[PDB]
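Data block below; observations after.
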Amino acid sequence: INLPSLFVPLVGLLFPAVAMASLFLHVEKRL
Amino acid sequence: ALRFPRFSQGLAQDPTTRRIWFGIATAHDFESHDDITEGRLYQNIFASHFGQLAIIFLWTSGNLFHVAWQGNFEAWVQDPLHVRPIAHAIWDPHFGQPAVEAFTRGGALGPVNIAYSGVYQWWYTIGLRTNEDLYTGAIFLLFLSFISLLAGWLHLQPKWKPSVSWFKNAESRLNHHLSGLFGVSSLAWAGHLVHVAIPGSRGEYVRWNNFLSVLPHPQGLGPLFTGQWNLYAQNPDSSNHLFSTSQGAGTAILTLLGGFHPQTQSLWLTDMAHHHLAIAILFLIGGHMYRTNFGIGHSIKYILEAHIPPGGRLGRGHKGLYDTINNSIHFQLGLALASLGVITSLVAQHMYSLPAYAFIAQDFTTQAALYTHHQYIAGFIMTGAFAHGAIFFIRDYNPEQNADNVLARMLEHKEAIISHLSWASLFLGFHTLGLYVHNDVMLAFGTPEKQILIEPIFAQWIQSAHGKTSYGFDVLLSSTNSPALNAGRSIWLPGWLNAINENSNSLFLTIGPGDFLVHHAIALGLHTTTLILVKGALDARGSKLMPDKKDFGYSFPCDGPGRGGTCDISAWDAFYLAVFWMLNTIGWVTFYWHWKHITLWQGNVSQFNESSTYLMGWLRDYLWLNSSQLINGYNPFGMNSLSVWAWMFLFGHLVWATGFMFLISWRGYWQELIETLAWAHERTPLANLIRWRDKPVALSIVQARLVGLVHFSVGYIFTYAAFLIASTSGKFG
Amino acid sequence: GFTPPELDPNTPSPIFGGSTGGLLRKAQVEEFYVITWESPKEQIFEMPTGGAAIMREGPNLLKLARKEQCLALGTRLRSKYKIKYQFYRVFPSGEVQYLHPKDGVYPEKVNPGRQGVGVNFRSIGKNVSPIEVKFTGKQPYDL
Amino acid sequence: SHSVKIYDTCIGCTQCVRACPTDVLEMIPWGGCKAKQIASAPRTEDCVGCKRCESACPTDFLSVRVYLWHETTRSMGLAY
Amino acid sequence: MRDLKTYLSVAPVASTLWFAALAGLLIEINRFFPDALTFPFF
Amino acid sequence: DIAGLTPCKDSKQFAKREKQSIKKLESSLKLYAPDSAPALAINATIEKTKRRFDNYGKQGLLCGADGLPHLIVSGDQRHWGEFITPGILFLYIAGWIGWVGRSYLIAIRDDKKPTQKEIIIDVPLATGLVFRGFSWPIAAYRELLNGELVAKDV
Amino acid sequence: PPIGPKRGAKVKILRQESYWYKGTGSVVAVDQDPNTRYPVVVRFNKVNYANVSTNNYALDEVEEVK
Ligand code: CLA
Ligand code: CLA
Ligand code: CLA
Ligand code: CLA
Ligand SMILES: CC1=C(/C=C/C(C)=C/C=CC(/C)=C/C=C/C=C(C)/C=C/C=C(C)/C=C/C2=C(C)CCCC2(C)C)C(C)(C)CCC1
Ligand SMILES: CC1=C(/C=C/C(C)=C/C=CC(/C)=C/C=C/C=C(C)\C=C\C=C(C)\C=C\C2=C(C)CCCC2(C)C)C(C)(C)CCC1
Ligand SMILES: CC1=C(C/C=C(\C)CCC[C@H](C)CCC[C@H](C)CCCC(C)C)C(=O)c2ccccc2C1=O
Ligand code: SF4
Ligand code: SF4
């Protein structure tokens, strides 16, 4: 219920993980 | 194409990791992108401007939301001088229990950060009082950023995208911006100050739900249209006036007193509203200069071409400059950056000496942070302006269309300019360092009385001419029968003279020999940075060592080791070397400001006066002396609230130091090392099953220089910010 | 017009004890180069990648991973030992491509059977400024 | 692939050809000087950009100019 | 002798002798009138 | 006085600093023998300090709140001895040096190998040339008026 | 009728990408052959950045000066 507790991991761990995975996939493959 | 980047076909075929790096570092250089045209370039710039506006609005909205949510505003407004404003809460799972204990301040229920941006004072002065106002502002700004993004997207789409001919309509844009963006905006700010801020500083709470039922003045708009405007200044606020209360409050909405508010030690709100109204009138009048669709006004190019002196000392004068400015976007960007940097430095210089926000003059760390902030940003903006001037020389300059005008004549006697600027730099450096070393040796031998202490007599004379009476020069405003003094005795001079001669504020500080020496160091820095940048620009198109430089682009590694060696021969490399000097000069500026103000805030201006004349005084009495609490932020016996800075202080020391890596070691060594690493990885069991897809390579020469400079700058900024904030906040005085 | 010599496998390779500077995956998936010479007598020479090797009597064939390596080896064979050499580029498909000396005579000596490529009939100072070639795919020197 | 250009000021001294470490340059028949020679660059795809040719040119300004351009695995001089 | 004169006038040697003489002159001037911060004669 | 400073002769912090300096010097003297070489050296230094302070008071220097002399360079005729006549002296000497060096360079510029006379200084010619710096203020002035100080065609 | 300045003359360079641009040199030889666009040969008393004291120039690039 503590709003910071939910979001700090969400923006510091989940968001960078998904963003780095997606950008690595985009940058690193022939189109 | 067919892979990142899609804007560069040459990069997309690079089989190395370079493609990624250079893929990121050229995304906003639209002119060098494949299949680029005029309208495409202008439309992309336009949309990017919209994106920037959206980002700015979102950022300030986030500041508002956090100050309203985990802030201290409602408590802060109750007692502005005895409570620390809160920026936002800390939620770090790495914190230990003592860290949580140490970081809970400001009356919060958990670890929080103490804001030093000064937003609390600014929002308090303009009229915001409760958290509801902050929430409404945040929501409005979120809507505003959304609208900005919508505008950008809309103008991206066909049938709404402006043509190039529209972008180059300079006369109409200047008219609208002067009379609209500047004039109407300042008129509206004056309206807000009259309607909300001034009533707010007198007890009344005027808001959207009741601002039509409240008269800003007892005789609203009667005096304005009748012409008897003095009725709006007939009853100012008494000198015994508490800010946000009606005790000793007046009814004047416009005035011109010139002093400070005695309690808040900041400018009168009525004076500021009057200022904004006046300059709004000036801008509105002056924005009707150029010709548009109505058959009257001016054509800029005709004014330019008509300004050619007879006698031909300037050649053809300004003939052809309109077309080279309108067609060259880098020229426009350079001019804009130059003016912006000048006025950013002006903001920095004026904010500390003439504070406008209530109770900010008593917040010392906020003042220091803001001054250092704006000075560093101004330095970066100036360096960028010169960089883009050089870029214009390389790319958008047409020698034949600029034949014999001021620009061509600047290019053709570049050597005299560079040599004389070099002479000025040499003179300043030689003599400033000589005097500093002389004084330092004199104090080494225990004979301070034999120093060369030169009184900054010209600056003291100017201060006396403003009305200060501590040097006994008896000049305009400081005399008794001078026309200048007598002309303003009944308007602003009372308050101005009361404020300037008062010696607890920063309005024209008393100056001495240390100030003379440090100002000459400042001049040395400015002249040398200008030397590097001017030399890089004027020689961008080519020189004797590389006459065909214009064909090699703005930035390139070198021209090989032939002809003696051509390291750092590009204009980009001149900008690169100028950034170091900019950092050094702004560092001297901020060192001087911070030491003077930290010694004044302690009532110990003498100490600075004695120890500023020699360099050991700077090293010991300022850096070493004011760096004890910071380095003690955490120690084997525990930590306190300053630990976060003590860590950052070390962090900034590391970044900077690793910057020295890329600046000293160069590519070949690293390339051979990476080659042997690739061999090793390819020759090992179980890991050769994993194969890289972009061939590893050492960083490019230009890229390595850029990375080294970025490390240098980040470390510089972080370490100085940590030191300044920890030392000023450690004492809070 | 000088039929280039055909690469002849089965030719002996120089005596070498092995090294960590040899071929890598690029030779496997992209390309590698082969150099051949004659060397009248058996003698020891400096390899372009590692230590020292001995040229066998008669034809010698050496495979390198870079063209620059082949040229350095050829220069040493030509100036130190006075030996005539030729090298090829081999692709993973099985193709061979005669490379040097392209037309039977080394590029240093003018040959009547060569056309000019990338020659500009003007001094280097008569190139147009970038502004004249802006927003066109061409570069000022390509003109 | 880097772009190598030969300009008409070339005196056919041949020093650039001796210097190229990838056999990119050549000598071709010509008639505008005493040597009846001029440099050619028919194999710029193998140019590594070392600019060793320019260091050997005795004309002022240079007669052979190397403009670094798009990078390939051959131009980057990678053995892996 | 002639070659000794020639070498004795080469840049480094001549510069060191000139600067030694200048240093001695300045040292003696300071010794006779030390702690001089102004020109009082006129 | 000028810039709110006061004369060093009647200033108080200047006298206090003088006394403190002499006290510091004397503190060391009492340790050694009354008439040993170190004692004589310390006494000589004390006398030098006293003479220095008396001279500073005599010349009429200005002293600030710090008690140290300050130099006025605005041009006030009461202080020309602080920067302006030393400035004129420096300009004379520096122009002497520059004019002599330029004369040497111009003199040796006509040989087939001028560089030989630059790494190996032709002292015979230099000794004749050095004395032109006595009158360089006139030589340079007439050089400018005659129009051959500055290389035309450049 | 020889072309260009005479041998041993005094010419100043007008090629803006030359090291000795606006400088002066002594003419060494001008080839009588047509179909050569840089016949004039000039020698200078100062070397360039490549340590070279001779260069060829076109007829319009050199200009006989006093
Ligand atoms: C650029 C402005 C800005 C900035 C610098 C911050 C910074 C921060 N916020 Mg915050 N936030 C903002 C705007 C901003 N916020 C806005 C407009 C809202 C909605 C009113 C919120 C709502 C919010 C909540 C609920 C929380 C934070 C929290 C935090 C802190 C921890 C990290 C985090 O949770 O990520 C941010 C979390 C979000 C949910 C942000 C979403 C809102 C914006 C629109 C996202 C922007 C993404 C966009 C693609 C990139 C913007 C451009 C550029 C800056 C990259 C951190 C100091 C946490 C905290 O309290 O710290 C202890 C927390 O729980 N924020
Ligand atoms: C302590 C570090 C330091 C110092 C002292 C300097 C000093 C100087 N820099 Mg520099 N610079 C530095 C760091 C430094 N830089 C760094 C880190 C960078 C980034 C790469 C640059 C990049 C840079 C550029 C690009 C340029 C300069 C220039 C200059 C000169 C400007 C002219 C001047 O001010 O007059 C003189 C200043 C002095 C401090 C005098 C130095 C000499 C004193 C008098 C000692 C004399 C010797 C003494 C007799 C002892 C001799 C001992 C014996 C054994 C020989 C100056 C000498 C500019 C220039 O060259 O000017 C035209 C120039 O363009 N700098
Ligand atoms: C309105 C301001 C403005 C605008 C619109 C531009 C626009 C442009 N600039 Mg410019 N510039 C500016 C200001 C501006 N500049 C200023 C103030 C400076 C002084 C520093 C410069 C100096 C400069 C140079 C030297 C160059 C440009 C170039 C360019 C062009 C290409 C930029 C690009 O896409 O590279 C891509 C963007 C990047 C590589 C930025 C990423 C790297 C940054 C620096 C790292 C940020 C710091 C770090 C992450 C923070 C610490 C992290 C953490 C510890 C907190 C482009 C048209 C380049 C050009 O090609 O000219 C044609 C060029 O070489 N600019
Ligand atoms: C503070 C300045 C600094 C730093 C940190 C380094 C660091 C390093 N140098 Mg070096 N160097 C420097 C200055 C510096 N140098 C300067 C000024 C020069 C010029 C002379 C050189 C010249 C030089 C040469 C010629 C060489 C090095 C080499 C190395 C590396 C050795 C390998 C190693 O130590 O393993 C480990 C790395 C470290 C211990 C550094 C700190 C790592 C931290 C503790 C790890 C933190 C991880 C953290 C969890 C990351 C999460 C953050 C996330 C957000 C990304 C190393 C990374 C050598 C090399 O490359 O090795 C083969 C090499 O040959 N340097
Ligand atoms: C490189 C280049 C560029 C840029 C450059 C620059 C940027 C420069 C600058 C500069 C600057 C940035 C400047 C500034 C300035 C200022 C001034 C010049 C001023 C003044 C004066 C006055 C007028 C004053 C007045 C007054 C008054 C009013 C009263 C009080 C006092 C006083 C005195 C203050 C470009 C891109 C364009 C182009 C190309 C080239
Ligand atoms: C008085 C004074 C002052 C000021 C002043 C001023 C500001 C002015 C000026 C000035 C100027 C404005 C100057 C100028 C100049 C210019 C020019 C143009 C020049 C020149 C010269 C030359 C060129 C020379 C050469 C030479 C010589 C002669 C020496 C040696 C040799 C040679 C050759 C090097 C003050 C207040 C501070 C203080 C007191 C004093
Ligand atoms: C270390 C070094 C290298 C080698 C550097 C390499 C191989 C970079 C390796 C860094 C890896 C990829 C990790 C870096 C982590 C970064 C913090 C990630 C940044 C990526 C985005 C967030 C921008 C050079 O190639 C070089 C070239 C020329 C002059 C100096 C140098 C030089 O100093
Ligand atoms: S840059 Fe080097 S590889 Fe390329 S043509 Fe010139 S010499 Fe040959
Ligand atoms: S080195 Fe220069 S002059 Fe000689 S052949 Fe090559 S391009 Fe021509």
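Start at 1 and go down the list; that is how both ligands and their atoms are numbered. Computed over heavy atoms, backbone and side chain alike; hydrogens, waters and symmetry mates excluded. In what follows, chains are A, B, ... by sequence order, proteins preceding strands, each numbered from 1.
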Looking at residues at least two apart in the chain, or sitting in another chain, which of them share a side chain to side chain contact (heavy atoms under 4.5 Å, CB included) with B/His711?
->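 Checked B/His711 against side chain to side chain contact (heavy atoms under 4.5 Å, CB included); matches are B/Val655, B/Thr658, B/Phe662, B/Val707.
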Among all protein heavy atoms, pick out the one at the shortest distance from [atom]; state its residue, atom name and that distance to 0.1 Å.
{"atom": "atom 30 (C) of ligand 7", "result": "B/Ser665 O, 3.0 Å"}
{"atom": "atom 21 (C) of ligand 7", "result": "B/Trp21 CZ3, 4.7 Å"}
{"atom": "atom 36 (C) of ligand 6", "result": "B/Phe458 CZ, 3.8 Å"}
{"atom": "atom 28 (C) of ligand 6", "result": "F/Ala140 CB, 4.1 Å"}
{"atom": "atom 27 (C) of ligand 6", "result": "F/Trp99 CE3, 4.7 Å"}
{"atom": "atom 7 (C) of ligand 7", "result": "B/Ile674 CD1, 3.7 Å"}
{"atom": "atom 29 (C) of ligand 6", "result": "F/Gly95 CA, 4.2 Å"}
{"atom": "atom 23 (C) of ligand 6", "result": "F/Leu149 CD2, 4.7 Å"}

Main-chain N/O of [Y] paired to [X] side chain as donor or acceptor, under 3.5 Å:
{"X": "B/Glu455", "Y": "F/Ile72", "value": "no"}
{"X": "B/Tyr720", "Y": "B/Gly652", "value": "no"}
{"X": "F/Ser135", "Y": "F/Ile138", "value": "no"}
{"X": "D/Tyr80", "Y": "B/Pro696", "value": "yes"}
{"X": "B/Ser464", "Y": "B/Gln460", "value": "yes"}
{"X": "B/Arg19", "Y": "B/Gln13", "value": "no"}
{"X": "D/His2", "Y": "D/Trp69", "value": "yes"}

Would you say ligand 7 has an N or O under 3.5 Å from any N or O of B/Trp670?
->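 Looking only at distances, the answer is yes, because the N/O contact criterion of under 3.5 Å is met.
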Of B/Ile664, B/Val702, B/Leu699, which has the heavy atom at the shortest distance from atom 5 (C) of ligand 7?
->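 Comparing heavy atoms across B/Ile664, B/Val702, B/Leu699, the nearest one to atom 5 (C) of ligand 7 lies in B/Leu699.
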Flag if over 12 foreign heavy atoms under 6.0 Å of [atom1], [X]:
{"X": "A/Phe15", "atom1": "CZ", "answer": "no"}
{"X": "B/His28", "atom1": "NE2", "answer": "no"}
{"X": "B/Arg409", "atom1": "CZ", "answer": "yes"}

Sub-4.0 Å protein heavy atom near [atom]:
{"atom": "atom 2 (C) of ligand 7", "result": "yes"}
{"atom": "atom 16 (C) of ligand 7", "result": "no"}
{"atom": "atom 4 (C) of ligand 6", "result": "no"}
{"atom": "atom 32 (C) of ligand 6", "result": "no"}
{"atom": "atom 27 (C) of ligand 7", "result": "yes"}
{"atom": "atom 32 (C) of ligand 7", "result": "yes"}
{"atom": "atom 24 (C) of ligand 7", "result": "yes"}
{"atom": "atom 13 (C) of ligand 7", "result": "no"}
{"atom": "atom 1 (C) of ligand 6", "result": "no"}

Numbered atoms and elements of ligand 7 in range of B/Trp666, under 4.0 angstrom, heavy atoms | 28 (C), 29 (C)
Contact atoms of ligand 7, heavy-atom distance to B/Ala698 under 4.0 Å =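 Those qualifying, in numeric order: 25 (O).
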Test applied, side chain to side chain contact (heavy atoms under 4.5 Å, CB included); reference residue, B/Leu524; option that passes from B/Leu426, B/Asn584, B/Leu433, B/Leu428 |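 Only one option passes, and that is B/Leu428.
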Rounded to the nearest 0.5 Å, how far apart are CD of B/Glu682 and CG of B/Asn688?
->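 Those atoms lie 8.0 Å apart.
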Proximal ligand 6 atoms for F/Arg102, defined as those under 4.0 Å from one of its heavy atoms | 33 (C)
Number the atoms of ligand 6 from 1 as they appear, then name those within less than 4.0 Å of a heavy atom of F/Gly98, with their elements.
-> 30 (C), 31 (C)
Take B/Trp656 and B/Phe660, measure what ring-ring contact (aromatic ring centres under 6.0 Å, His included) needs, and give me the verdict at the end.
-> CA-CA 7 Å; B/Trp656 187 86; B/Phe660 274 45; 4.3 Å; yes
Between B/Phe662 and ligand 7, find which residue part has any heavy-atom pair under 4.0 Å and reply side chain, backbone, both or neither.
->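 It is both parts that get close, each with some atom under 4.0 Å.
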Region of B/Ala704 that comes within reach of ligand 7 [heavy atoms, distance under 4.0 Å] = side chain
Compare all side-chain heavy atoms of C/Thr20 with those of B/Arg683 and state whether any distance is below 4.5 angstrom.
-> no
Would you say F/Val73 and F/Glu82 make side-chain contact, with heavy atoms under 4.5 Å?
-> no
Note: F/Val73, heavy atoms under 4.0 Å from ligand 6, region reported as backbone
Decide side chain to side chain donor-acceptor pair (under 3.5 Å) for B/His653 and B/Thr719; before the verdict, give the C-alpha distance in whole Å, the side-chain angles of both, and the deciding distance to 0.1 Å.
-> CA-CA 6 Å; B/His653 268 79; B/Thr719 186; 3.2 Å; yes
Short N or O separations between ligand 4 and the protein, below 3.5 Å:
{"unit_1": "ligand 4", "atom_1": "64 (O)", "unit_2": "B/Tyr669", "atom_2": "OH", "d": "2.3"}

Pair B/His431 and B/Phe427, ring centroids less than 6.0 Å apart | yes
Side-chain donor-acceptor pair present, B/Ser570, B/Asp573, cut-off under 3.5 Å | yes
